[PDB]
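Q: I have a structure here, written as structure tokens, and I will follow up with some questions on it.
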Amino acid sequence: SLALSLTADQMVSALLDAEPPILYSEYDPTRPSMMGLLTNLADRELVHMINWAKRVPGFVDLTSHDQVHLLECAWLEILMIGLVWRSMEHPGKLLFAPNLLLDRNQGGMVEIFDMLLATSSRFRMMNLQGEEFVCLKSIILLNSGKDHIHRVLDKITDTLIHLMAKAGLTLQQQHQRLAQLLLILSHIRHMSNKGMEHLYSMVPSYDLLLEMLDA
Amino acid sequence: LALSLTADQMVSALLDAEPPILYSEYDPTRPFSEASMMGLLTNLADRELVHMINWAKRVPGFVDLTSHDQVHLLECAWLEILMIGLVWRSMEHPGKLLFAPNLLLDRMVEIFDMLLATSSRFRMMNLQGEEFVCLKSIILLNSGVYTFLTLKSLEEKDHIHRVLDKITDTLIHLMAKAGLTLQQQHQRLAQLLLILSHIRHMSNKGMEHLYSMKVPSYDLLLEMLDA
Ligand SMILES: CN(C)CCOc1ccc(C2=C(c3ccc(O)cc3)[C@@H]3C[C@@H](S(=O)(=O)Oc4ccc(Br)cc4)[C@H]2O3)cc1
Ligand SMILES: CN(C)CCOc1ccc(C2=C(c3ccc(O)cc3)[C@@H]3C[C@@H](S(=O)(=O)Oc4ccc(Br)cc4)[C@H]2O3)cc1
């Protein structure tokens, strides 16, 4: 409701404020296992994601059932785009955590690793902005999982275009960049799908996410 | 040169390059079994793949790439391309999937529903044929582009993004010609491209269940391109 009256600037500021912190993996630096560190990290990241999602404009207007469905579909995509975003300044490496920086040598699992690296390289080449990044995350949340959702998605599109226009991009450059960003989301969906496979080759259930949202 | 075309030239090229609608095996044993229907769909897809290569080679910019890169794009995109074609054919048939004119099926059920929802989505958006062929070309060029390598490889990936930008210009031009406002233009462009992520999802789920007891090799795709 109120999310549909939000301006582009208000949408950006809201998403920037809802942004989760960068968490550390739990290991002792005084000491001389990887999948355990990632699992522990992803579990703590999940808690912050639920609170982030609740602060995404229009999301709370949805029924509790629809909120869970979106999170169930998007959670791995959200984690992955976050990883890719914070790894953007580290070519050839993935920054899972500030104290957990890995290259493909240490790295299902190499296939996904390379796809993650390629996305990070793509973001860096496009000079993806933080304001654009938070918009993409919100898009992933709302799109991966109907009328209200699509109105909000149109708002985020307006927000992206407004950001580009403010940055001095021409009208042609605006829709081109918009297209480039949204097409990357297809690769992110692909990575998540491949990712789920290897997670069933050893995940928050519907009830788990419902209980977290209620809290 | 694909980058020299105009929006109208691009549309005309894509429309002319459209593959034919094929028929599945005539008069199969009905009712179907799980095996017999998969046999029909497999035979149909195999014959469709032939015309897809012919189509792909006529997509502006595609033949400019090395044969190796062309195969890689097809490897990543072929199922997506088959599925969006299916979704397009099924638009005027609510609740049904038109795999072929002689194979219209109503309500692997999960993928069926995802395909129905995508078809209804295209129907609700009033997707145009001109828009459709643009989206299909985008899939071909984009689905495998994020997995390239040298200076030559840098030029290859760079060339693809330019053609992709060109198709974006073409989609926008179609929308502006239709009379849509600039706001409606950016919004509709976004809606169409977000659907491509769903098509990716259905393709991945499709690949999964295909490996589940039920894919064209590099050598096959390469040979057909050379043929
Ligand atoms: C109860 N549940 C919530 C438990 C979930 O536990 C999990 C959940 C996710 C993960 C993984 C990753 C991940 C975790 C947090 C994050 O901020 C970014 C990425 C990356 C992607 C996937 S993958 O396993 O799907 O892909 C990769 C595999 C190996 C490597 Br190296 C890189 C990626 C795997 O590595 C690991 C354990
Ligand atoms: C290249 N060759 C070596 C191998 C090709 O073999 C294949 C290739 C494709 C297919 C399938 C489909 C398909 C075929 C042609 C087409 O124009 C559109 C879709 C649909 C989607 C998938 S699915 O089996 O993954 O999804 C569905 C399942 C059931 C139903 Br009903 C509908 C979809 C399956 O049914 C089956 C066998």
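First residue shown is number 1, and so on along the chain.
This deposition comes from X-ray crystallography, 2.1 Å.
Positions of Cβ are set from backbone N, Cα and C atoms, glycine also.
According to Swiss-Prot, the protein has these features:
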type	residues	note
BINDING	A:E45, A:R86, A:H198	17beta-estradiol binding site
LIPID	A:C135	S-palmitoyl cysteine
MOD_RES	A:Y206	phosphotyrosine
Q: Among all protein chains shown, how many Cβ atoms are found within 10 Å of the Cβ of the residue listed as 'S-palmitoyl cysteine', not counting that one?
A: 22
Q: Far apart in sequence but close in space: which same-chain residues, 6 or more away, have a Cβ under 8 Å from A:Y206 (phosphotyrosine)?
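A: For A:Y206 (phosphotyrosine), the qualifying residues are A:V68, A:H69, A:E72.
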Q: How many Å separate the Cα atoms of A:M202 and A:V203 across a gap of 5 unmodelled residues?
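A: Flanking Cα atoms, separation 11 Å.
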Q: Between the binding-site residues A:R86, A:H198, where is the Cβ count within 10 Å the lowest?
A: A:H198
Q: Under a threshold of 6 Å between Cβ and any atom of ligand 1, which of the binding-site residues A:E45, A:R86, A:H198 are retained?
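A: Result: A:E45, A:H198.
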Q: Would you work out the biggest C-alpha to C-alpha distance among A:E45, A:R86, A:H198, the residues that bind 17beta-estradiol according to the record, and give it in angstrom as a whole number?
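A: Per the listed residues, the maximum Cα distance equals 23 Å.
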Q: Distance between the CA atoms of A:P32 and A:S33, in Å, given 4 unmodelled residues in between?
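A: Unmodelled segment endpoints: Cα atoms separated by 12 Å.
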Q: Could you tell me how far apart, in whole Å, the Cα atoms of A:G145 and A:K146 are, given that 14 residues between them are missing from the model?
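A: Each end of the gap has a Cα atom, and these are 10 Å apart.
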